[PDB]
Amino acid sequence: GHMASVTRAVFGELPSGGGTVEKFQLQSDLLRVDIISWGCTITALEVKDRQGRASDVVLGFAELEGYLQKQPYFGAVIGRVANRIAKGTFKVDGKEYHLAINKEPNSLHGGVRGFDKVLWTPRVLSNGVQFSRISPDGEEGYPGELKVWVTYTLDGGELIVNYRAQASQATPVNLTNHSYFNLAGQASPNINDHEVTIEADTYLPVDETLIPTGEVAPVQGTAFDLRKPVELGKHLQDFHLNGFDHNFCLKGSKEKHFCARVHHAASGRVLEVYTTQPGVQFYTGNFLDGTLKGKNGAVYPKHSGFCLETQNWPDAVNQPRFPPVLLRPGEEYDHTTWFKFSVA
């Protein structure tokens, strides 16, 4: 597994002279990863099957404009705080803060103009690229100036994403990457034939608005028990589930820990995920309605892709029994997620 080489090129130009967007291509002998400076968006991810055939296993667009249209956060970095915040409101050190209600009745994925929709500054690395941006105080209702660095590196079939941040004032922070995967290749219609395993003992049941109830429910005897590989379609069926969109609680320390494994027997592709995060959002692309103009004439229907957003638990800022989500001045936010690609 070789260390990747990096190439860059102009990808697009933002309207209203918002700036030039570049595309960085990371390539090793095993994988090819494409990333743009707009929202640190992974745009393509090429991985081999058992025949040695490479398919891009990530949903996305061929042109910038694709991302600028109303699309569900494809392959981007999410923040300041990923997922939902009840009532778009939280308090920090006795001060109450209000955010944009971009998802009645809550606030979701950073607001109206979240981290996925801003231009990051890129710095090419020997085997990858680093994006950096300053989220000023008050950005999207959040207190504190947040300095963030998103670093993607590639070595063999392992893609590594690290998140670093520094706040000038206490603020919640929860960064992740919303890539939609499809191991049978981007163009397959569904993920039913995927085999999933999530090393989680508990999960977070949610409410009518999808905010966690506050309960840390055990997965035992439930359809949420993914500790043993299950075929997605069968499972959903056997359990009468429409799909998933839940945070699974990881057996967390801040140490690199196994998160989940996804296998696609027909191609033999395997995706293994490790993280330092306390949880993972496992969302089976339930909201795709097959109206998006994807890559290679691909349209993305419901269930065409799934996400594995490693993160801290949703609404943590309002749920004291949840892992701490506040970043205070002087400390450092630092989380890493490993996307290990392989063949079985």
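A residue's number is simply how far along the shown sequence it sits, counting from 1.
A.B. asks: Check the entry's C-alpha temperature factors for 244-252 and 142-150, then say which stretch has the higher mean.
C.D. replies: Result: 244-252.
A.B. asks: Read off the CA B-factors in the entry, average them over 194-202 and over 235-243, and name the higher stretch.
C.D. replies: For C-alpha atoms only, the mean B-factor is higher in 235-243.
A.B. asks: Going by the CA temperature factor in the entry, name the top one among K95, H257, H178, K117.
C.D. replies: Among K95, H257, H178, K117, the highest C-alpha B-factor in the entry belongs to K95.
A.B. asks: For the C-alpha B-factor as written in the entry, point me to the maximum among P278, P314, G305, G294.
C.D. replies: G294 has the highest C-alpha B-factor of those listed.
A.B. asks: Against its chain's modelled residues, does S28's Cα B factor rank lowest, middle or highest third?
C.D. replies: CA B-factor rank for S28: middle third.
A.B. asks: Please place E63 in the lowest, middle or highest third of its chain by C-alpha B factor as given in the entry.
C.D. replies: According to the entry, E63 has a C-alpha B-factor in the chain's highest third.
A.B. asks: Compared with the other modelled residues in the chain, in which third is the CA B-factor of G52?
C.D. replies: Highest third - that is where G52 ends up once the chain's C-alpha B-factors are sorted.
A.B. asks: Could you say whether, by C-alpha temperature factor, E46 belongs to the lowest, middle or highest third of its chain?
C.D. replies: Its C-alpha B-factor, which the entry lists for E46, ranks in the middle third among residues of this chain.
A.B. asks: Is the Cα B-factor recorded for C40 in the lowest, middle or highest third of its chain?
C.D. replies: According to the entry, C40 has a C-alpha B-factor in the chain's lowest third.
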